[PDB]
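> Quick one, what's the 3D model for this:
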Amino acid sequence: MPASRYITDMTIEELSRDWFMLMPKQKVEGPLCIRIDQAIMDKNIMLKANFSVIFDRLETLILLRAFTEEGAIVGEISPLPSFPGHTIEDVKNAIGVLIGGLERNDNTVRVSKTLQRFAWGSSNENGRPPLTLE
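Residues are numbered from 1 along each chain as shown. Provided below are the atomic coordinates:
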């Protein structure tokens, strides 16, 4: 087997940090459950992830986290433990569903340097349905 690399893009300190959603919205996207908080607006947020790597691409996502430049965890993409054999194809879409929710809320988000060159790249999700009024 070729050597499998591990990206510790986000720290164990903040990975093991307890948090909640004040406006919880649960999207399921394949083997990856997307956490969307509808209240988090006007924030500068970063899409960070720890994962295994093979052939210089994302092999299996261990965990993905969305948190502000404040450090406050406002969202997450939790890989379901009952699915240990998922592809980078699943992950790149999942990142963009999380981002899509952040876009609706009107934040300012950026994807991690790692996720950009591994998963995101050319195949990037785009779009924001505006939060309509009555």
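> What segments of this structure are helices?
In the chain, the segments counted as helices under DSSP state H are 12-15, 88-104, 113-115.
> of all the ones you listed, which gets the most neighbours per residue?
Highest mean neighbour count among the helices of the chain (mean count of other Cβ atoms under 10 Å): helix 88-104, with a mean of 21. To be clear about C-beta, it is placed using only N, CA and C from the backbone, and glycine gets the same treatment.
> possible to save the helices of the chain as TSV with distance to residue 30?
Below are the helices of the chain laid out as TSV (distance: least, Cβ to Cβ, whole Å):
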stretch	distance to residue 30
helix 12-15	22
helix 88-104	5
helix 113-115	17
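> Tell me which of the ones you listed lies nearest to residue 62.
For these, proximity to residue 62 was assessed by Cβ to Cβ; helix 12-15 is nearest, at 9.1 Å.
> Show me what the closest one is in contact with.
Here helix 12-15 makes contact (Cβ atoms under 8 Å, 6 or more residues apart in numbering) with 50, 63, 65, 67, 71, 73.
> Tell me which of the helices of the chain sits nearest to residue 133.
When those are compared by Cβ to Cβ, helix 88-104 sits nearest residue 133, at 13.5 Å.
> Quick one: distance of the closest one to the chain centre.
Distance of helix 88-104 from the chain centroid (Cα atoms, centre = their mean, to the nearest Å) equals 7 Å.
> hey, C-alpha coordinates of it in CSV?
Provided in CSV are the C-alpha atoms of helix 88-104 (Å, rounded to 0.1, in the frame of the first residue of the first chain):
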residue,chain,number,x,y,z
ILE,A,88,-13.7,12.6,-1.8
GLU,A,89,-16.7,12.9,-4.3
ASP,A,90,-19.1,12.9,-1.3
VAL,A,91,-17.0,15.4,0.7
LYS,A,92,-16.6,18.2,-2.0
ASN,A,93,-20.5,18.4,-2.3
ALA,A,94,-21.0,18.3,1.5
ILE,A,95,-18.6,21.3,1.9
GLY,A,96,-20.7,23.2,-0.6
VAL,A,97,-24.0,22.4,1.1
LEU,A,98,-22.6,23.7,4.4
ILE,A,99,-21.3,26.8,2.5
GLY,A,100,-24.6,27.2,0.7
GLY,A,101,-26.4,27.5,4.1
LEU,A,102,-23.7,30.0,5.2
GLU,A,103,-24.4,32.0,1.9
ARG,A,104,-28.2,32.1,2.7
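> Fine by me, we can end here.
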